[PDB]
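Enquirer: To start, I am sharing the structure in question, which I have written as structure tokens.
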Amino acid sequence: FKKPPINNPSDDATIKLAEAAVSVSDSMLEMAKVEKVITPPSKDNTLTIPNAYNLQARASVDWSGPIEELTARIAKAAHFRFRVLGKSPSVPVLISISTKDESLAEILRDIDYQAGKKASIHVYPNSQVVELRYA
Amino acid sequence: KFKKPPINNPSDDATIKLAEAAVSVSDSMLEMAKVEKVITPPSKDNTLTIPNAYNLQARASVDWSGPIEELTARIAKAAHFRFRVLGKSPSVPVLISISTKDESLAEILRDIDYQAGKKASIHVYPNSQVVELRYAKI
Amino acid sequence: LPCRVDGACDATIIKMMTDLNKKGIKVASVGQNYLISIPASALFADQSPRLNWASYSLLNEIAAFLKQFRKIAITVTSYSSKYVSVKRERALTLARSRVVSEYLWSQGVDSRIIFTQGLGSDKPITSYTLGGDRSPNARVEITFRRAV
Amino acid sequence: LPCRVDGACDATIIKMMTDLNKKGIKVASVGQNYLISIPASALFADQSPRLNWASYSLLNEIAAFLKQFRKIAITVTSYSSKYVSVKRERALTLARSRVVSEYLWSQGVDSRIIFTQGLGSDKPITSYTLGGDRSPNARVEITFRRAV
Amino acid sequence: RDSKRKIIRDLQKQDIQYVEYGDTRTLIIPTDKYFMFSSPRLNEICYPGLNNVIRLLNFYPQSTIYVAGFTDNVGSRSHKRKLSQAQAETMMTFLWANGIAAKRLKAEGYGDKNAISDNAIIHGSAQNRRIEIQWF
Amino acid sequence: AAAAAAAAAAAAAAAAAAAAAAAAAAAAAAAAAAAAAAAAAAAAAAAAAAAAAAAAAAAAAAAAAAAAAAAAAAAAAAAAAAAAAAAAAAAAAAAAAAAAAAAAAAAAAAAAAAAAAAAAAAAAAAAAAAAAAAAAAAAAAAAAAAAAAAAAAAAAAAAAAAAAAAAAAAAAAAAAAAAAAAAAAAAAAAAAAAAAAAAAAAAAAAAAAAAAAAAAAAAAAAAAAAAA
Amino acid sequence: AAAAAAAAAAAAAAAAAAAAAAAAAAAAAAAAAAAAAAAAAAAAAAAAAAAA
Amino acid sequence: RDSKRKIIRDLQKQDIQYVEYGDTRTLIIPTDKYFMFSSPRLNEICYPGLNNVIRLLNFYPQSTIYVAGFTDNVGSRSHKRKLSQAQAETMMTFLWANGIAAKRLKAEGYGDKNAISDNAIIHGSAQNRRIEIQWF
């Protein structure tokens with residue numbers, strides 16, 4: 732022998748309350764469907780994982796501040812050269828990564844992300860150089 | 152002997168007037184959602200940015216009202232997907248509240264992705280095994 | 828006043844834990860990871876995703892045991908021995924675990940997530956492969972971690 | 828003070844409802860749609876728009892049953908079996924229903940509308956077509972919805 | 419004690435309406451106690467109503483069966499229609515799987531478009547949430 | 030007793046005897062070729078009312094419309110029928126090619142029946158203890174009564190399906206809008222999630238919805254389709 | 175290796191078994207694809223499935 | 419009184435867990451009472467737990483032996499790994515020196531990477547500090 736559910740709508744008002752809960756909750760969801768506009772992954776603008784074996788080492792960083800200096804250091808932690816193209820403005824592009832262990836290619840993906848469109852990162856792994864670009 | 156069919160439990164007037172508020176706010180809710188979905192058509196869903204996977208086709212049932220970090224970390228931990236974030240979290244918490252029963256993990260992440268609309272988004276990269284949660288730029 | 832007991836007592840926890848181990852549902856208790864292991868003979872019919880009617884009593888002290896703990900995510904995962912193929916097998920065990928978690932959140936858990944999944948004898952606890960659901964490999968397991 | 832009962836009691840409602848079903852006037856009670864179905868043998872003479880004198884007693888607990896409910900529109904519609912033509916038949920059933928609604932608003936209804944109409948066996952409740960007004964198809968029906 | 423008057427008297431006891439109406443015979447089954455909530459999963463604890471309704475309609479083995487599902491005013495009209503259609507359709511499969519031949523049966527869902535009570539009141543909308551079973 | 034020619038015979042209700050190895054290609058309009066052995070026909074014909082029957086060693090390849098098909102011992106057909114089909118077999122094998130509308134199929138023996146296109150309205154398939162039917166294009170109301178220890182495999186995208194398996198049968202169904210399943214000691218595999226699904230399992234019975242996990246976009250079980 | 179129909183954009187396919195639907199507005203009549211039994215007629219231009 | 423149920427009952431008495439699990443059998447030994455502190459020196463006063471665990475695994479003389487060491491959240495990850503590795507490795511030498519043949523055994527150290535409880539609470543981290551002994 733089995734039981735009915737415990738918080739079951741077992742009651743002629745509470746069924747109406749809970750059918751309205753299902754109606755509001757899914758009507759919330761297609762509100763979220765219509766205003767949630769996305770990126771397509773083929774047009775996402777963010778940096779990939781650059782699949783180089785120096786960039787799959789295993790790093791650890793706690794920092795807030797101006798973008799160029801973590802990227803210079805993860806170039807020299809990655810044994811990569813560091814180029815900068817563009818001009819850094821008077822207000823600096825400020826990021827924060829506080830991760831106690833993750834992988835340093837995914838640093839550079841979160842760097843490119845938290846830069847956004849104030850700056851950008853590329854990397855060329857055959858030449859082993861990280862570049863930081865402005866706009 | 153005469154009997155109407157539904158002889159339910161004794162309800163009280165609290166949930167009587169809660170229910171008949173709840174239906175008027177439900178119909179005002181769906182007439183709003185009808186207006187929004189007609190005067191901008193939804194271009195595109197999120198099945199392209201969260202695509203399904205074998206070992207993401209497990210199922211779960213979840214009630215949850217906290218922030219999105221702990222829930223998406225638990226989904227990816229039981230999906231055997233490495234979870235990461237992009238972007239730092241805002242000081243106000245992006246709070247979701249998922250109350251569903253028996254949905255696949257891929258569609259649960261799609262509901263999480265929709266409910267955190269324009270504050271975060273979930274991306275799943277299934278030829279790798281990562282679930283990322285990325286915050287907004289603001 | 829604040830509550831001393833949270834609708835549960837430790838004497839009743841070990842009373843259900845002895846009674847479940849006497850009826851053969853083996854409760855492992857490692858750290859705060861709790862495992863209750865249920866043979867699929869003791870719940871379902873053979874090679875079926877269907878409960879027997881008497882086995883909801885077994886699910887009754889499973890659910891009343893799951894009353895007693897503060898828990899965040901129960902995961903329920905099922906696997907049996909080989910019957911036709913691994914694809915038919917994984918469909919069976921996915922339906923198997925999703926049926927027993929549908930009954931467990933019909934009943935009382937204070938869990939926030941039940942994850943539920945099934946595998947195709949990919950993790951078998953003995954090498955002795957006697958038959959169908961009478962195998963001790965053919966089992967569902969309900970594992971969680973007791974929060975604080 | 829405001830009134831508790833509105834000139835009616837539920838014990839008297841089911842007392843008239845059992846008594847009307849014992850005398851063969853069948854009271855269907857679906858939701859708040861109420862149907863009382865009256866065979867045309869039990870009121871009129873055969874193929875006539877004329878009441879018998881004893882059948883106003885049957886109309887007496889029909890009208891005293893219709894005291895008991897708060898109602899907005901009673902519709903009374905009559906139909907019998909085929910006698911000459913459907914045109915003569917629909918004239919018969921229109922006169923039939925308008926005569927019984929003339930007596931029902933001579934008597935006490937608290938209805939605001941009685942709609943009243945007749946049909947030409949266009950809706951017959953059995954396929955067995957024995958005769959004239961002794962057919963169980965040959966009937967008037969009084970349907971309404973009990974307001975709040 | 420195995421007959422019509424016995425089984426209709428205990429369907430009154432487990433609160434399913436029946437109407438005798440000429441040739442048309444109609445069971446009104448509440449979805450609120452014979453379905454788990456807002457779902458086409460049958461309320462499995464209420465099996466003796468389901469066995470007693472199928473025990474009743476072994477008595478009419480040549481009639482075509484209309485089965486129809488009903489909701490109340492909540493939700494979108496699509497949700498009304500698909501939920502009523504799903505519940506009527508799974509009651510139709512219950513009668514087919516308890517042994518009525520499939521071309522006797524007809525499942526159809528109304529999103530309260532017949533509406534045997536008003537949806538503005540609680541107990542009336544509880545009466546509106548139902549399955550009708552008609553046959554001849 | 031061979032008959033192999035391309036002509037206009039056109040009126041033959043030919044119930045031939047044994048060893049009638051007729052590989053004809055003639056324009057047989059009013060045709061009913063109920064051969065009894067050794068048929069090895071590879072024609073390009075047009076019949077449109079054929080109530081064909083075929084006994085043992087009947088290999089055929091025809092582009093003609095039939096009306097009824099009967100199998101007796103063992104065969105291998107490849108026919109292109111068009112309009113309607115009343116088909117029955119006995120321990121044989123059969124294949125058909127073009128768009129047919131098979132209303133009823135009763136297989137009470139070991140029948141390896143295949144149809145590459147079945148566009149019907151109500152296909153009632155009754156199976157008994159040995160057969161193997163594999164018919165797949167598009168039905169509108171499928172009624173698969175497998176009373177059988179046998180198999181009914183399908184990728185037939187039916188709009189409504191009603192499959193009942195009685196004693197260790199195995200049926201592979203695919204329902205578009207309506208799924209109706211009853212199983213008893215047997216297996217019913219649902220290869221597509223319907224718009225509304227309902228499945229009931231008896232003693233030791235498995236209605237497992239064995240769709241392929243990791244599809245391109247596997248649609249999840251919604252609120253109207255989530256059964257246990 | 176498909177078999178199209180003459181109506182508004184239906185096509186059977188005989189790789190293993192399919193009865194899918196096209197669009198017939200971009201006119202991808204390549205007649206050359208990788209048809210699979212997972213509802214995917216992956217043609218030269220685009221991909222087609224059993225439409226719903 | 420010389421058997422399995424006797425020796426598992428007194429390993430319950432000197433507070434070492436055992437699990438029966440199909441073929442997998444696992445002893446959970448607390449490092450906090452079976453090792454002197456933050457060291458791979460065995461807690462020599464607690465010899466009857468060590469004799470009783472080796473008296474238990476004379477009963478399985480063909481199984482390969484996995485032995486693994488565990489810590490909690492304190493210290494560097496290198497200190498976690500080398501301390502857990504050192505304690506698992508010296509329990510492996512204890513079983514080898516009490517007479518199990520060396521290619522049955524496998525010592526491996528996890529710096530709480532399996533973590534059978536949370537390290538945020540005192541008694542839970544006490545449960546995390548352990549040695550697992552698995553065999554088949």
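Keeping their order, the protein sequence lines are chains A, B, C, D, E, F, G and H.
The opening residue of the first sequence carries number 732 in the working numbering; numbering runs sequentially from there.
The opening residue of the second sequence carries number 152 in the working numbering; numbering runs sequentially from there.
The opening residue of the third sequence carries number 828 in the working numbering; numbering runs sequentially from there.
The opening residue of the fourth sequence carries number 828 in the working numbering; numbering runs sequentially from there.
The opening residue of the fifth sequence carries number 419 in the working numbering; numbering runs sequentially from there.
The opening residue of the sixth sequence carries number 30 in the working numbering; numbering runs sequentially from there.
The opening residue of the seventh sequence carries number 175 in the working numbering; numbering runs sequentially from there.
The opening residue of the eighth sequence carries number 419 in the working numbering; numbering runs sequentially from there.
Using N, Cα and C, we set each Cβ at its ideal position, and we do this for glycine too.
#1: Give every residue of the same chain whose Cβ lies closer than 7 Å to the Cβ of residue 978/C, excluding the five residues on either side of it in the sequence, and list them in chain order.
#2: Does DSSP put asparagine 879/D in a helix, a strand or coil?
#3: Between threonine 943/D and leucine 862/D, which are expected to be in contact by the criterion C-beta below 8 Å, what is the C-beta distance as a whole number of angstroms?
#4: Determine whether the Cβ of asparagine 546/H lies closer than 9 Å to any Cβ atom of chain C.
#5: What's the C-alpha gap between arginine 897/D and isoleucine 539/E?
#6: Within 10 Å of its beta-carbon, does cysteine 830/D have 16 or more other beta-carbons around it, so buried, or fewer, so exposed?
#7: Taking CB distances under 9 Å as the criterion, tell me whether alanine 155/F reaches chain C.
#8: DSSP puts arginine 548/H in a beta bridge; with which residues?
#9: Can you tell me the Cα-Cα spacing of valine 824/A and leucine 816/A, whole angstroms?
#10: Compare the C-beta of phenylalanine 153/B with all C-beta atoms of chain D and state if any pair is closer than 9 Å.
#11: With DSSP collapsed to three states, give me the class of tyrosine 784/A.
#12: Is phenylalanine 871/C helix, strand or coil by DSSP?
#13: Is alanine 170/B near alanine 744/A, with beta carbons less than 9 Å apart?
#14: Is the stretch 178 to 187 of chain G touching the stretch 236 to 245 of chain F, taking contact as three or more C-beta pairs under 8 Å?
#15: In chain order, what residues of the same chain have a beta carbon less than 7 Å from the beta carbon of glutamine 787/A, not counting five sequence neighbours either side?
#16: In angstroms, rounded to a whole number, what distance separates the CA positions of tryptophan 514/E and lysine 521/E?
#17: If you check the beta carbons only, do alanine 195/F and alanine 213/F fall under 9 Å apart?
#18: Just verifying my parser: in three-state terms, what is the DSSP assignment at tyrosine 910/D?
#19: Return the chain-ordered list of same chain residues with a C-beta closer than 6 Å to the C-beta of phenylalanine 892/C, the five sequence neighbours on each side being excluded.
#20: Could you tell me if residue 568/H is buried or exposed, where buried requires 16 or more neighbouring beta carbons within 10 angstroms of its beta carbon?
#21: So, does the stretch 767 to 785 of chain A touch the stretch 844 to 854 of chain A, judging by three or more C-beta pairs under 8 Å?
#22: Are at least three pairs of beta-carbons, each pair with one atom in the stretch 173 to 181 of chain B and one in the stretch 902 to 920 of chain C, less than 8 Å apart?
#23: Mind listing which residues of the stretch 842 to 873 of chain D have their C-beta closer than 7 Å to chain E's C-betas, in chain order?
#24: Give the interface partners of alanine 191/G over in chain F, defined as CB-CB distance under 7 Å, in chain order.
#25: Do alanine 120/F and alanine 131/F have their beta-carbon atoms positioned less than 9 Å apart in this structure?
#26: Would you decide whether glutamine 480/H is buried or exposed? Buried here means 16 or more other CB atoms lie within 10 Å of its CB.
#27: Between which two residues does the beta strand (DSSP E) carrying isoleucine 798/A extend?
#28: Is the CB-CB distance between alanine 106/F and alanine 88/F below 9 Å?
#29: Write down the C-beta distance between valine 768/A and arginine 814/A rounded to the nearest angstrom, noting that I regard them as a contact closer than 8 Å.
#30: Are the C-beta of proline 820/A and some C-beta of chain C separated by less than 9 Å?
#31: Between the Cα of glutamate 221/B and those of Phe153/B, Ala204/B and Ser240/B, spot the shortest distance and give me the residue it belongs to.
#32: With burial defined as no fewer than 16 other Cβ atoms inside 10 Å of the residue's Cβ, what is the status of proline 192/B: buried or exposed?
#33: Measuring alpha carbon to alpha carbon, tell me which residue in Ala203/G, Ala209/G, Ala201/G and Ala217/G is nearest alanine 190/G.
#34: Might you give, ordered along the chain, the residues of its own chain that have their beta carbon closer than 6 Å to the beta carbon of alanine 182/F, omitting 5 neighbours on each side?
#35: Taking the straight line between their C-alpha atoms, what separation do you get for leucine 870/C and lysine 500/H?
#36: Can you list, in chain order, the residues of its chain with a C-beta nearer than 7 Å to that of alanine 974/D? Leave out the 5 residues immediately preceding and following it.
Expert: Looking at the coordinates:
#1: The requested residue 978/C is not part of the displayed model; chain C covers only 828 to 975.
#2: Start at 1 with the first residue of the fourth sequence, and residue 879/D comes out as number 52. Here DSSP, grouped into helix, strand and coil, assigns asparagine 879/D to coil.
#3: For the purposes of this step, residue 943/D is taken as residue 116 along the fourth sequence, with counting starting at 1. For the purposes of this step, residue 862/D is taken as residue 35 along the fourth sequence, with counting starting at 1. Actually they are not in contact, since the Cβ atoms of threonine 943/D and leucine 862/D sit about 15 Å apart, beyond 8 Å.
#4: In the eighth sequence, residue 546/H corresponds to position 128, counting from 1. In terms of beta-carbon proximity, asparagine 546/H lines the interface with chain C, with at least one pair separated by less than 9 Å.
#5: Stepping through the fourth sequence from its first residue, residue 897/D is reached at position 70. Stepping through the fifth sequence from its first residue, residue 539/E is reached at position 121. Straight-line measurement puts the Cα of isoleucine 539/E at about 15 Å from the Cα of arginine 897/D.
#6: Taking the fourth sequence and counting its residues from 1, the one referred to as residue 830/D is at position 3. Its Cβ having fewer than 16 others within 10 Å, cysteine 830/D is exposed.
#7: Walking along the sixth sequence from the start, residue 155/F turns up at place 126. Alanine 155/F does not count as touching chain C.
#8: Residue numbering aside, residue 548/H sits at position 130 when the eighth sequence is read from its first letter. Note: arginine 548/H is bridge-paired with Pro448/H in the DSSP secondary-structure output.
#9: By 1-based counting over the first sequence, the position of residue 824/A is 93. By 1-based counting over the first sequence, the position of residue 816/A is 85. One Cα belongs to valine 824/A, the other to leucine 816/A, and the distance between them is close to 14 Å.
#10: Counted from its first residue, the second sequence places residue 153/B at position 2. For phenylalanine 153/B, the answer is yes, since a Cβ of chain D falls inside 9 Å of its Cβ.
#11: Residue 784/A sits at position 53 when you count from the first residue of the first sequence. In the displayed model, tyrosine 784/A falls within coil according to three-state DSSP, outside both helix and strand.
#12: On the third sequence, residue 871/C is found 44 positions in, with the first residue counted as 1. Per DSSP, reduced to three states, the secondary structure at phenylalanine 871/C is strand.
#13: By 1-based counting over the second sequence, the position of residue 170/B is 19. By 1-based counting over the first sequence, the position of residue 744/A is 13. In terms of Cβ geometry, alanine 170/B and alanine 744/A form a close pair [threshold 9 Å].
#14: Too few Cβ pairs lie closer than 8 Å, so no.
#15: Here the question's residue 787/A lines up with position 56 in the first sequence. Contacts found: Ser834 and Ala836.
#16: For the purposes of this step, residue 514/E is taken as the residue at position 96 of the fifth sequence. For the purposes of this step, residue 521/E is taken as the residue at position 103 of the fifth sequence. Straight across, the Cα-Cα distance linking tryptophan 514/E with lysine 521/E is about 10 Å.
#17: Walking along the sixth sequence from the start, residue 195/F turns up at place 166. Walking along the sixth sequence from the start, residue 213/F turns up at place 184. Going by C-beta atoms, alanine 195/F is nearer than 9 Å to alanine 213/F.
#18: Translated into the one-based positions of the fourth sequence, residue 910/D becomes position 83. Residue state, collapsed to three classes: coil.
#19: By 1-based counting over the third sequence, the position of residue 892/C is 65. Hits under 6 Å: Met843.
#20: Only positions 419 to 554 of chain H appear in the structure, and residue 568/H is not among them; the question remains open.
#21: Cβ pair count under 8 Å is three or more, so yes.
#22: Taking a contact to require three or more Cβ pairs closer than 8 Å, the stretch 173 to 181 of chain B and the stretch 902 to 920 of chain C do not qualify as touching.
#23: Along the stretch 842 to 873 of chain D, the positions whose C-beta sits under 7 Å from a C-beta of chain E are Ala855, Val857, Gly858, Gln859 and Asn860, read in chain order.
#24: On the seventh sequence, residue 191/G is found 17 positions in, with the first residue counted as 1. Contact note: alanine 191/G reaches chain F through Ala165 and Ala184, using a C-beta cutoff of 7 Å and chain order.
#25: Residue numbering aside, residue 131/F sits at position 102 when the sixth sequence is read from its first letter. Residue numbering aside, residue 120/F sits at position 91 when the sixth sequence is read from its first letter. Taking 9 Å as the Cβ cut-off, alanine 131/F and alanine 120/F do not qualify as a contacting pair.
#26: In the eighth sequence, the residue the question calls residue 480/H occupies position 62. It is exposed - the Cβ of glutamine 480/H has fewer than 16 other Cβ atoms within 10 Å.
#27: For the purposes of this step, residue 798/A is taken as residue 67 along the first sequence, with counting starting at 1. No beta strand (DSSP E) contains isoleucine 798/A, which is instead part of the alpha helix (DSSP H) from 798 to 808.
#28: In the sixth sequence, the residue the question calls residue 106/F occupies position 77. In the sixth sequence, the residue the question calls residue 88/F occupies position 59. It is a contact, given that the beta carbons lie within the stated cut-off.
#29: Locating residue 768/A in the first sequence gives position 37, counting from the first residue. Locating residue 814/A in the first sequence gives position 83, counting from the first residue. With a Cβ gap of about 35 Å, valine 768/A and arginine 814/A do not count as contacting.
#30: Numbered from 1 along the first sequence, position 89 holds the residue referred to as residue 820/A. For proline 820/A, the nearest beta carbon of chain C is not closer than 9 Å to its own beta carbon.
#31: For the purposes of this step, residue 221/B is taken as the residue at position 70 of the second sequence. Answer by Cα proximity: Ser240/B.
#32: For the purposes of this step, residue 192/B is taken as the residue at position 41 of the second sequence. That one is exposed.
#33: What you label residue 190/G is simply residue 16 of the seventh sequence in a count that begins at 1. Answer by Cα proximity: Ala209/G.
#34: The residue labelled residue 182/F in the question sits at position 153 within the sixth sequence. Result list for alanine 182/F: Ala163 and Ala201, in chain order.
#35: If you number the third sequence from 1, residue 870/C lands on position 43. If you number the eighth sequence from 1, residue 500/H lands on position 82. For the pair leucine 870/C and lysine 500/H, the Cα-to-Cα distance works out to about 46 Å.
#36: Position 147 of the fourth sequence, counted from the first residue, corresponds to residue 974/D. The residues are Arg897, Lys898 and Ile899.
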